[PDB]
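Worksheet for the structure shown next.
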Amino acid sequence: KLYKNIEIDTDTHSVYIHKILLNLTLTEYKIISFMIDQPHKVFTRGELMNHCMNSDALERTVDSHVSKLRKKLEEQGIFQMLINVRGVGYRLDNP
Amino acid sequence: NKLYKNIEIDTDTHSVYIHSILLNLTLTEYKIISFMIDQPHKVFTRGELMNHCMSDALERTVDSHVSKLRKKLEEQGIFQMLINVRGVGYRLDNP
Amino acid sequence: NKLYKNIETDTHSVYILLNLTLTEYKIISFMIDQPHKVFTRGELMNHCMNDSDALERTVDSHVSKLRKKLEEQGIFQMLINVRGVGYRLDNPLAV
Amino acid sequence: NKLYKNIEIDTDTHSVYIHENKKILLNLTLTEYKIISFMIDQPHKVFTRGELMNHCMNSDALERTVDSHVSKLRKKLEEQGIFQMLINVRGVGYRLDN
Amino acid sequence: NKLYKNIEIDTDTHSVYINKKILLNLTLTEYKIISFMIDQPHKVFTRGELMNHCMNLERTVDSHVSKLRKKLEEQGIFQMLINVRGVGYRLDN
Amino acid sequence: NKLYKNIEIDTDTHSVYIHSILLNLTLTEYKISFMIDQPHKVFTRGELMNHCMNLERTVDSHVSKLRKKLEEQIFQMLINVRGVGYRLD
DNA sequence: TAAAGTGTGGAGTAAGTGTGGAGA
DNA sequence: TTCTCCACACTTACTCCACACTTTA
DNA sequence: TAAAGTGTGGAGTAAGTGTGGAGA
DNA sequence: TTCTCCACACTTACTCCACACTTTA
């Protein structure tokens with residue numbers, strides 16, 4: 001499963017940058033693997049929470065998981081991914 | 001589009017299908033199955049199911065909604081779904 | 001001309017010709033695009049009414065008045081309410 | 001995707017495009033997105049300021065503030081060569097193209 | 001430190017930068033193209049010149065230029081890498 | 001690529017391989033790359049801290065967690081030298 | 001055996017229907 | 001006026017809880 | 001000419017980011 | 001512990017309103 005220099009091997013559970021392997025947490029893996037299906041879609045915090053976490057936690061906690069993932073992407077020279085869409089949620093890539 | 005192992009949920013029509021047939025689900029029952037199919041293997045607590053799929057009523061009332069859904073699944077030949085995880089809550093499917 | 005199961009655009013006619021109000025015409029013409037979709041009251045209000053600031057219950061009354069007109073031409077079980085969500089033009093089959 | 005006369009709104013991405021023969025993406029604010037997405041349902045309908053406020057702002061603010069949101073949206077439409085949209089209907093409110 | 005109209009190429013680091021100051025993820029071929037053409041921005045380079053200078057049938061040349069162009073457009077830089085029909089390409093009019 | 005007795009480190013990809021498998025190392029854990037230069041040398045906790053970790057038990061814990069990842073596959077590799085530090089051997 | 005979960009069944013009440021009527 | 005909207009009571013059926021049976025450590 | 005609408009600009013404030021740290 | 005979540009301050013940019021100009025009957 002591939003999108004613009006980000007490869008996810010689902011079996012078993014590795015995410016590569018074009019190949020550098022990332023050290024992702026389980027939550028972080030779920031986020032990137034969920035959003036890469038529809039890269040340009042805006043996912044709400046509620047959707048990311050239900051699909052990638054665990055509560056039942058705060059919506060701000062979603063933001064922090066996305067931040068931590070983003071930092072890991074930037075340290076492999078991938079910037080302008082995980083863009084926030086103010087008041088709605090997040091998007092993997094904008095057209 | 002939501003699909004998982006012979007259970008299809010069309011979110012636009014509010015329909016849930018079994019492959020082999022449309023189920024007559026209540027709104028609460030629809031929310032439960034649509035919530036849990038996001039993370040099939042995850043154990044959801046009664047508190048999570050209550051806040052997402054139902055008042056701050058009793059936790060036992062969650063059990064009854066899950067039971068009624070389970071029965072409807074079993075009458076379409078689906079038995080190994082909605083497993084209770086003792087003292088925590090419920091899981092859609094074991095890994 | 002939009003056709004769906006015994007219910008038949010430039011003329012503003014719905015067919016045997018029905019005497020529909022403008023609101024009523026908009027409702028039936030809006031919902032026939034996606035017959036089996038559940039439309040919320042908010043969607044019907046924004047698309048088919050004046051006073052988007054009106055009550056959601058007023059949507060129900062427009063649908064009722066349309067339904068009555070459909071039933072007097074021998075069309076029953078059509079504008080089905082989906083409790084807590086909204087309305088649907090027709091239920092899907094269990095096939 | 002909501003379409004009306006050279007204005008496309010993709011609701012999943014939250015994107016609004018202008019179409020000759022390429023799609024230009026607009027940089028709308030959330031309020032601005034709600035306005036255009038609300039009014040495109042009934043293009044020819046006159047929406048009052050009260051309707052736009054309740055549906056697109058989320059405030060108890062002044063009605064003149066609605067005008068400013070519509071203005072800012074209009075300017076963004078005009079810079080993509082779209083002039084005949086967002087017509088004011090004096091004393092009532094606003095309408096998408098006549 | 002080659003500069004031209006909002007495009008900076010640092011030749012020592014092999015970095016190209018584009019509202020400060022976004023680094024582009026260019027391939028080696030792509031780097032050579034942009035670094036070659038920025039010397040004479042307005043010059044029309046032939047496909048033969050770009051091939052000999054930047055690429056170590058014709059659709060492949062065009063494809064390298066396309067992929068570079070897309071990377072420029074995602075940083076809000078459009079109407080760069082203009083094709084001159086039957087000859088080749090130009091960085092800017 | 002840095003090689004030593006069935007442990008390969010590719011420095012360009014930041015990957016560490018076991019011969020027989022890619023390891024899922026943290027950045028701190030990757031910084032195995034320091035000790036493989038002088039496999040038999042005893043590195044102090046102070047040296048490992050300054051070079052790899054951008055009280056004393058915390059250094060030990062990083063080394064332990066690396067060791068466990070080696071053992072899940074390679075045993076007897078990150079030998080502790082009591083009170084002083086660690087050796088790859 | 002306690003501890004916890006399942007499942008049928010019914011009372012209350014949430015939610016929707018539709019007649020009627022006031023305002024433009 | 002008609003049509004749109006709202007009001008008021010009618011009407012429907014789902015949600016919740018009860019009580020007993022069954023399963024699990 | 002009144003009346004109403006447009007549009008630039010600025011003050012306050014939502015909303016998002018990311019470091020840091022407590023709990024399992 | 002690590003990871004998950006939450007808190008706090010930093011930072012960004014959108015909303016709202018003001019004030020004057022412009023447009024319409």
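Following the order of the structure tokens, chains are lettered A, B, ..., residues in each are numbered from 1, and ligands are numbered from 1.
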task: Excluding segment 25-29 of chain E and residues on its chain fewer than 5 positions from it, collect all residues at most 9 Å away from it, counting only C-alpha atoms (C1' of nucleotides), and give them as a PyMOL selection string.
output: (chain A and resi 77-78) or (chain E and resi 15-16+34+54-56+64+68+71)
message: List as JSON, numbers by chain the protein and nucleic acid residues near residue 90 of chain D, meaning an atom at most 12 Å away when only C-alpha atoms (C1' of nucleotides) are counted, but skip any in the same chain fewer than 4 places from it.
response: {"D": [46, 47, 48, 49, 67, 94, 95], "I": [3, 4, 5], "J": [23, 24, 25]}
Okay, now the selection with C-alpha atoms (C1' of nucleotides), as a short mmCIF file (atom, residue, chain, number, x, y, z; two decimals), in the first residue's frame?
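The file below, selection.cif, is the result:
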```
data_model
loop_
_atom_site.label_atom_id
_atom_site.label_comp_id
_atom_site.auth_asym_id
_atom_site.auth_seq_id
_atom_site.Cartn_x
_atom_site.Cartn_y
_atom_site.Cartn_z
CA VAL D 46 -32.76 34.39 -1.48
CA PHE D 47 -31.26 33.53 1.91
CA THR D 48 -31.80 36.06 4.69
CA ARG D 49 -28.95 37.24 6.91
CA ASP D 67 -22.36 40.89 4.85
CA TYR D 94 -28.39 37.29 -0.68
CA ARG D 95 -28.71 34.96 -3.64
"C1'" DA I 3 -31.77 53.97 2.57
"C1'" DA I 4 -29.06 49.94 2.15
"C1'" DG I 5 -24.79 47.20 0.96
"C1'" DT J 23 -24.73 51.52 -4.99
"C1'" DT J 24 -29.71 51.50 -5.58
"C1'" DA J 25 -34.74 53.25 -5.83
#
```
- prompt: Can you list every residue in chain F that DSSP puts in alpha helix (DSSP H), as a PyMOL selection string?
  reply: chain F and resi 27-30+45-52+56-71
Filtering to N, CA and C atoms, could you give me those residues as a JSON list (two decimals), in the first residue's frame?
```json
[["chain", "number", "residue", "atom", "x", "y", "z"],
["F", 27, "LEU", "N", 15.89, 5.71, 17.82],
["F", 27, "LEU", "CA", 17.04, 6.53, 17.44],
["F", 27, "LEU", "C", 18.19, 6.40, 18.44],
["F", 28, "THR", "N", 17.87, 6.52, 19.73],
["F", 28, "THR", "CA", 18.86, 6.31, 20.79],
["F", 28, "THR", "C", 19.52, 4.93, 20.66],
["F", 29, "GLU", "N", 18.69, 3.90, 20.54],
["F", 29, "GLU", "CA", 19.16, 2.51, 20.37],
["F", 29, "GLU", "C", 20.05, 2.34, 19.14],
["F", 30, "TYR", "N", 19.70, 2.98, 18.02],
["F", 30, "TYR", "CA", 20.54, 2.96, 16.82],
["F", 30, "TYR", "C", 21.92, 3.58, 17.10],
["F", 45, "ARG", "N", 29.19, 4.77, 30.92],
["F", 45, "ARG", "CA", 27.84, 5.30, 30.84],
["F", 45, "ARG", "C", 27.88, 6.76, 30.40],
["F", 46, "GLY", "N", 28.87, 7.51, 30.88],
["F", 46, "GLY", "CA", 29.08, 8.90, 30.48],
["F", 46, "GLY", "C", 29.35, 9.07, 28.99],
["F", 47, "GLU", "N", 30.12, 8.15, 28.41],
["F", 47, "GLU", "CA", 30.40, 8.17, 26.97],
["F", 47, "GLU", "C", 29.17, 7.86, 26.14],
["F", 48, "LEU", "N", 28.43, 6.82, 26.55],
["F", 48, "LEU", "CA", 27.19, 6.45, 25.86],
["F", 48, "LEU", "C", 26.14, 7.55, 25.95],
["F", 49, "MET", "N", 26.06, 8.22, 27.11],
["F", 49, "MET", "CA", 25.10, 9.30, 27.33],
["F", 49, "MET", "C", 25.37, 10.49, 26.42],
["F", 50, "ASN", "N", 26.61, 10.97, 26.41],
["F", 50, "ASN", "CA", 27.00, 12.12, 25.60],
["F", 50, "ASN", "C", 26.89, 11.88, 24.10],
["F", 51, "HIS", "N", 27.12, 10.64, 23.68],
["F", 51, "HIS", "CA", 27.16, 10.28, 22.26],
["F", 51, "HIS", "C", 25.83, 9.77, 21.70],
["F", 52, "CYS", "N", 25.01, 9.13, 22.54],
["F", 52, "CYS", "CA", 23.83, 8.42, 22.05],
["F", 52, "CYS", "C", 22.47, 8.89, 22.57],
["F", 56, "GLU", "N", 21.94, 6.89, 36.75],
["F", 56, "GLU", "CA", 22.74, 5.94, 36.03],
["F", 56, "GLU", "C", 21.90, 4.77, 35.54],
["F", 57, "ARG", "N", 20.85, 4.42, 36.29],
["F", 57, "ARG", "CA", 19.96, 3.35, 35.90],
["F", 57, "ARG", "C", 19.28, 3.63, 34.56],
["F", 58, "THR", "N", 19.00, 4.91, 34.25],
["F", 58, "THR", "CA", 18.40, 5.27, 32.97],
["F", 58, "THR", "C", 19.27, 4.90, 31.77],
["F", 59, "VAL", "N", 20.60, 5.07, 31.92],
["F", 59, "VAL", "CA", 21.49, 4.67, 30.81],
["F", 59, "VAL", "C", 21.40, 3.14, 30.67],
["F", 60, "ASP", "N", 21.46, 2.49, 31.84],
["F", 60, "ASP", "CA", 21.37, 1.04, 31.89],
["F", 60, "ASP", "C", 20.13, 0.52, 31.24],
["F", 61, "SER", "N", 19.01, 1.19, 31.48],
["F", 61, "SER", "CA", 17.73, 0.77, 30.91],
["F", 61, "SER", "C", 17.71, 0.85, 29.38],
["F", 62, "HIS", "N", 18.30, 1.89, 28.80],
["F", 62, "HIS", "CA", 18.40, 1.97, 27.34],
["F", 62, "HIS", "C", 19.22, 0.81, 26.77],
["F", 63, "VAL", "N", 20.30, 0.47, 27.46],
["F", 63, "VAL", "CA", 21.19, -0.60, 27.04],
["F", 63, "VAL", "C", 20.47, -1.96, 27.17],
["F", 64, "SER", "N", 19.75, -2.13, 28.28],
["F", 64, "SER", "CA", 18.93, -3.32, 28.52],
["F", 64, "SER", "C", 17.91, -3.56, 27.41],
["F", 65, "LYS", "N", 17.15, -2.52, 27.08],
["F", 65, "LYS", "CA", 16.12, -2.59, 26.04],
["F", 65, "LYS", "C", 16.71, -2.90, 24.68],
["F", 66, "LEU", "N", 17.87, -2.34, 24.37],
["F", 66, "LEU", "CA", 18.60, -2.72, 23.16],
["F", 66, "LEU", "C", 18.99, -4.21, 23.22],
["F", 67, "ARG", "N", 19.54, -4.63, 24.36],
["F", 67, "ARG", "CA", 19.97, -6.03, 24.54],
["F", 67, "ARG", "C", 18.81, -7.01, 24.28],
["F", 68, "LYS", "N", 17.68, -6.73, 24.89],
["F", 68, "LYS", "CA", 16.48, -7.56, 24.69],
["F", 68, "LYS", "C", 16.12, -7.69, 23.21],
["F", 69, "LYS", "N", 16.15, -6.58, 22.48],
["F", 69, "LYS", "CA", 15.89, -6.60, 21.03],
["F", 69, "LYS", "C", 16.91, -7.46, 20.27],
["F", 70, "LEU", "N", 18.17, -7.45, 20.69],
["F", 70, "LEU", "CA", 19.17, -8.37, 20.13],
["F", 70, "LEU", "C", 18.87, -9.84, 20.47],
["F", 71, "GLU", "N", 18.45, -10.12, 21.71],
["F", 71, "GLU", "CA", 18.17, -11.50, 22.14],
["F", 71, "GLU", "C", 16.96, -12.12, 21.42]]
```
field: Interface residues on chain J facing chain D, 10 Å, only C-alpha atoms (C1' of nucleotides), written as a PyMOL selection string
entry: chain J and resi 13-17+24
message: What's around residue 3 of chain J at 10 Å? Count only C-alpha atoms (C1' of nucleotides), leave out sequence neighbours fewer than 3 positions away in its own chain, and write the answer as JSON, numbers by chain.
response: {"A": [25, 26, 27], "I": [24]}
- request: Using DSSP on the backbone, list every residue of segment 5-38 of chain A that comes out as strand (DSSP E or B), and give them as a list in words.
  value: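 Assigned to strand (DSSP E or B), within segment 5-38 of chain A: residues 6, 7, 8, 9, 14, 15, 16, 17, 20 and 21 of chain A.
What separates atom CA of residue 5 of chain D from atom CA of residue 53 of chain D is a distance of 24.8 Å.
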message: For a test of reading the model, state the distance in Å between atom CA of residue 83 of chain C and atom CA of residue 9 of chain B, rounded to one decimal.
response: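 Atom CA of residue 9 of chain B lies 17.9 Å from atom CA of residue 83 of chain C.
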Considering only C-alpha atoms (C1' of nucleotides), return as a PDB file with N, CA, C and O atoms (P, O5', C5', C4', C3', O3' and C1' of nucleotides), in the first residue's frame whatever protein or nucleic-acid residues lie within 12 Å of residue 11 of chain H, sequence-local ones (same chain, fewer than 6 positions apart) excluded.
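And here is the file that came out, part-v7.pdb:
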```
ATOM      1  P    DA G  15     -35.680  11.308  21.359  1.00  0.00           P
ATOM      2  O5'  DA G  15     -36.651  11.074  20.111  1.00  0.00           O
ATOM      3  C5'  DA G  15     -36.909   9.737  19.641  1.00  0.00           C
ATOM      4  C4'  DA G  15     -37.937   9.718  18.534  1.00  0.00           C
ATOM      5  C3'  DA G  15     -37.968  10.939  17.609  1.00  0.00           C
ATOM      6  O3'  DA G  15     -37.918  10.448  16.259  1.00  0.00           O
ATOM      7  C1'  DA G  15     -40.134  10.508  18.447  1.00  0.00           C
ATOM      8  P    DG G  16     -38.122  11.424  15.018  1.00  0.00           P
ATOM      9  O5'  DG G  16     -39.629  11.127  14.570  1.00  0.00           O
ATOM     10  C5'  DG G  16     -40.029   9.777  14.296  1.00  0.00           C
ATOM     11  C4'  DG G  16     -41.373   9.723  13.607  1.00  0.00           C
ATOM     12  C3'  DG G  16     -41.626  10.722  12.474  1.00  0.00           C
ATOM     13  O3'  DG G  16     -42.290   9.990  11.429  1.00  0.00           O
ATOM     14  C1'  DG G  16     -43.158  11.119  14.246  1.00  0.00           C
ATOM     15  P    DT G  17     -43.305  10.671  10.414  1.00  0.00           P
ATOM     16  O5'  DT G  17     -44.679  10.626  11.212  1.00  0.00           O
ATOM     17  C5'  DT G  17     -45.479   9.436  11.240  1.00  0.00           C
ATOM     18  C4'  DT G  17     -46.936   9.821  11.278  1.00  0.00           C
ATOM     19  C3'  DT G  17     -47.414  10.654  10.088  1.00  0.00           C
ATOM     20  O3'  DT G  17     -48.593  10.014   9.576  1.00  0.00           O
ATOM     21  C1'  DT G  17     -47.866  11.806  12.132  1.00  0.00           C
ATOM     22  P    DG G  18     -49.332  10.525   8.246  1.00  0.00           P
ATOM     23  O5'  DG G  18     -50.396  11.561   8.805  1.00  0.00           O
ATOM     24  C5'  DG G  18     -51.250  11.230   9.906  1.00  0.00           C
ATOM     25  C4'  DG G  18     -52.114  12.419  10.247  1.00  0.00           C
ATOM     26  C3'  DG G  18     -52.486  13.291   9.045  1.00  0.00           C
ATOM     27  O3'  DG G  18     -53.783  13.861   9.204  1.00  0.00           O
ATOM     28  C1'  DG G  18     -51.356  14.602  10.598  1.00  0.00           C
TER      29       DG G  18
END
```
